[PDB]
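Undergrad: According to the entry's author numbering, the residues represented by the sequence shown are 32 to 45, 47 to 61, 66 to 100, 102 to 107, 109 to 131, 133 to 150, 167 to 205, 209 to 211, 215 to 265, 277 to 291, in order.
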Amino acid sequence: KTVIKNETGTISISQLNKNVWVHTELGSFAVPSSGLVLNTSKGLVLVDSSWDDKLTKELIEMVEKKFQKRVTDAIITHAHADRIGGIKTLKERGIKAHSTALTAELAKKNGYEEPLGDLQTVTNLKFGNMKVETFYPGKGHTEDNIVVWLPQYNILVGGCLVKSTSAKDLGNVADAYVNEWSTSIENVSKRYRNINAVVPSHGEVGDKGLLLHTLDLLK
Ligand SMILES: [Zn+2]
Ligand SMILES: [Zn+2]
């Protein structure tokens with residue numbers, strides 16, 4: 032395993049594969069926020085941005102230099119700041136921001168700019184030699200939240222829908238659907254067996281075990 036951050040301390044990235053990396057930034061309240073960096077033959081793909089354009093730009097610049106290839111696409115799992123805060127930057131630089140039609144709407148509501172809203176309940180994307188599946192399991196952390204699946211490495218990106226082993230709380234639930242939340246988690250476990258690793262938007277990376285944990289918190 033390897034960890035490497037920029038010369039400001041703001042942003043840090045960590047490797048999972050010859051192709052998969054995890055970015056993490058802070059938003060003092066300090067609250068770490070994480071997403072993915074997909075290193076593909078035909079460009080770089082971000083799974084979820086960061087708290088604000090400030091950090092987003094700083095991130096792109098960092099990885100685009103490190104990997105010597107452009109960030110072509112990004113995927114937005116839901117319309118909250120920790121996920122979509124850099125949407126203005128993505129659209130400035133001509134990056135494709137994918138999302139569900141719903142996530143797109145809720146972005147307008149929250150004073167952000169709108170992603171594409173081109174994803175379905177199940178969407179299969181391919182960026183070079185990289186296969187990426189987006190899945191909408193139902194309401195939970197928010198009503199629009201989705202998960203991302205990487209078939210080649215059996216890696217699941219939980220987002221804010223999945224709590225880390227270190228998370229004792231449910232966090233903010235102002236926009237959460239606490240009953241459907243359990244069902245949605247079922248829908249994911251049903252769809253993806255043999256899960257290699259699971260990535261929570263906040264906290265350390278884990279396995280199929282974080283799903284059971286989140287369910288514990290919903291009891
Ligand atoms: Zn959220
Ligand atoms: Zn969150």
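A virtual CB, placed ideally from N, CA and C, is assigned to each residue, including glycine.
Determine the DSSP secondary structure at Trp-87, reduced to helix, strand or coil.
TA: Taken through DSSP and simplified to helix, strand or coil, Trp-87 comes out as coil.
Undergrad: Report yes if the CB atom of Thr-76 is closer than 7 Å to the CB atom of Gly-183, and no otherwise.
TA: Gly-183 is positioned such that its CB atom lies closer than 7 Å to that of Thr-76.
Undergrad: Tell me the DSSP secondary structure of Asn-248 in three-state form.
TA: helix
Undergrad: Below 8 Å on the Cβ atoms is my guess for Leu-128 versus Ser-225; work out the distance and round it to an integer in Å.
TA: Between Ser-225 and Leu-128 the Cβ distance is about 26 Å, and since that is not below 8 Å, they are no contact.
Undergrad: Verify the contact flag: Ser-262, CB atom, against every heavy atom of ligand 2, threshold strictly below 6 Å.
TA: yes
Undergrad: Which residues count as close to ligand 1 when the rule is a CB under 5 Å from any of its heavy atoms, in chain order?
TA: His-118 and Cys-221
Undergrad: Decide if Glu-97 is buried, meaning its Cβ has at least 16 other Cβ atoms within 10 Å, or exposed.
TA: exposed
Undergrad: How would you label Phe-190, buried or exposed, when you count the other beta carbons within 10 angstroms and need 16 or more for buried?
TA: The residue in question, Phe-190, is buried, as its Cβ has 16 or more Cβ neighbours within 10 Å.
Undergrad: Are the beta-carbon atoms of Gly-195 and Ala-228 separated by less than 7 Å?
TA: no
Undergrad: Quick check: the Cα distance between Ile-113 and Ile-42, rounded to an integer number of angstroms?
TA: 19 Å
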